[PDB]
Amino acid sequence: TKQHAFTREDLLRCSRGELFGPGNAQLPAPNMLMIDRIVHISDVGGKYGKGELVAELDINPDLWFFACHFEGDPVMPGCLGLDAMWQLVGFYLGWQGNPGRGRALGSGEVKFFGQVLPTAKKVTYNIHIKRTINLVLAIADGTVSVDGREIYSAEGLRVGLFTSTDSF
Amino acid sequence: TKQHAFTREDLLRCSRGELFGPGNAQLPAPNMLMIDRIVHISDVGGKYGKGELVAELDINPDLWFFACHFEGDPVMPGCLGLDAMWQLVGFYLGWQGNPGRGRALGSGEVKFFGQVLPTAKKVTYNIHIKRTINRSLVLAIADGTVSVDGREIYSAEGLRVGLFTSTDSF
Ligand SMILES: CC(=O)NCCc1ccc(S(N)(=O)=O)cc1
């Protein structure tokens, strides 16, 4: 709960276990990492008064998922945009100083009503923390947007921290 | 609606547009493809009388996602297991002979209550078709489970996939 913005290099440090420390929350490394930068994170304000994350992924035509998904119909997988939102809620719990390794526990309603094409410039994630239950877990609502346009929503994103993940 | 099982080589042909034809449903190619084989597909019977899919992914410690998810703590991303279930509902709509390209529309409740480690042998997907809507838009609603080595680890209610003769809405 010191830094309120993180750079790509900060996020790669996190993926190595070197931001929050060994045994604590880690972002995935490439090619599962679906965030370039966290432009803002806070534990106050947001839609519910329990904090907010705003993060960005830069798009170019050469990103790996465009060639295989699908052949002659390139589109960013919806599952990876949803994953970015789980990734961010895990980051939030680690950023708050809780111990242990992140697992996605699932979500309420998810809706896809738009897409990320290879001609897009930038994906923005808006995450509104709804509740932290202190085993340690966060509930959040999120949206995925591409160059200003909302395309995906998730209600009741759930992520937990595990001080032993072997009971799972 | 002749063939009730598909090999990995059949799924790759699908990913090239060569199973259902150009402009119709497509599986992803590697490395977004999360299915090795469709063991069973049918459009009658099943939990709701609209058929079922059973499909498998072989697990080994070298699958790409274990190295980066996470360093020192390898676990199959839950989002890829969910994605396999959306890809299977898309496949079903194609296999029924509907035209157009597939897009996932989303899900009701998803629960992850176990995990796939790099020491596992096989992931199995069970998809129960609940409803197909054949109006202005071709749509399927389904329930799904992901299991690893016999144990149920994920559930999804109200998986929704559509076929688009033009995906220009999105
Ligand atoms: C096999 C088939 O028709 N697939 C199309 C359905 C389909 C499934 C998943 C996604 S995603 N990864 O963008 O969430 C898109 C389309």
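One-based numbering, in listed order, for ligands and for the atoms of each. Naming convention: chains lettered A, B, ... in sequence-line order (proteins, then strands); numbering from 1 in each chain.
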Atom CG of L159(B) and atom CD1 of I141(B): how far apart are they, to the nearest 0.5 Å? 9.0 Å
For atom 11 (S) of ligand 1, what's the nearest protein heavy atom and its distance? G78(A) N, 3.3 Å
Check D58(A) with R37(A), please: is the shortest side-chain N to carboxylate O separation under 4.0 Å? yes
With rounding to the nearest 0.5 angstrom, report the CG to SG distance, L27(A) to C14(A). 4.0 Å
Using non-hydrogen atoms of the residue, decide whether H69(A) is closer than 4.0 angstrom to ligand 1. yes
Using heavy-atom distances, let me know which of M76(A), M85(B), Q87(B), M34(B) sits nearest atom 7 (C) of ligand 1. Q87(B)
Element-labelled atoms of ligand 1 that are located less than 4.0 Å from some non-hydrogen atom of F91(B): 1 (C), 2 (C), 3 (O)
Give the single entry among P77(A), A104(B), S15(B) that approaches atom 15 (C) of ligand 1 most closely by any heavy atom. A104(B)
Quick one: which of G81(A), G94(B), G102(B), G100(B) has a heavy atom closest to atom 5 (C) of ligand 1? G102(B)
With heavy atoms of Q26(B) as the reference, note each atom of ligand 1 found under 4.0 Å away. 1 (C), 2 (C), 3 (O), 4 (N)
Does the ring centre of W95(A) sit less than 6.0 Å away from the ring centre of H4(A)? yes
In terms of heavy-atom contacts, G90(A) and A25(A) come closest through O-CB, 3.9 Å
Below 6.0 angstrom between ring centroids: does that apply to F20(A) and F91(A)? yes
Strictly distance-based, threshold 3.5 Å: is any side-chain N or O of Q26(B) a donor or acceptor partner for the main-chain N or O of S15(B)? yes
By number and element, which atoms of ligand 1 are closer than 4.0 Å to a non-hydrogen atom of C79(A)? 14 (O)
Could you check atom 12 (N) of ligand 1 against the protein and tell me its nearest heavy-atom contact, residue, atom and distance included? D83(B) OD1, 2.7 Å
Charged N to carboxylate O under 4.0 angstrom, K122(B) versus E56(B)? yes
Of the protein's non-hydrogen atoms, which lies at the shortest distance from atom 6 (C) of ligand 1, and what is that distance? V161(B) CG1, 3.7 Å
Report yes if the distance between the aromatic ring centroids of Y154(B) and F113(B) is under 6.0 Å, otherwise no. no
Per-atom filter on ligand 1: closer than 4.0 angstrom to a heavy atom of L27(B) are 1 (C)
Ligand-residue contact atoms, ligand 1 with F70(A), heavy atoms, under 4.0 Å: 15 (C), 16 (C)
Going by the order shown, which atoms of ligand 1 are within less than 4.0 Å of some heavy atom of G90(B)? 1 (C), 2 (C), 3 (O)
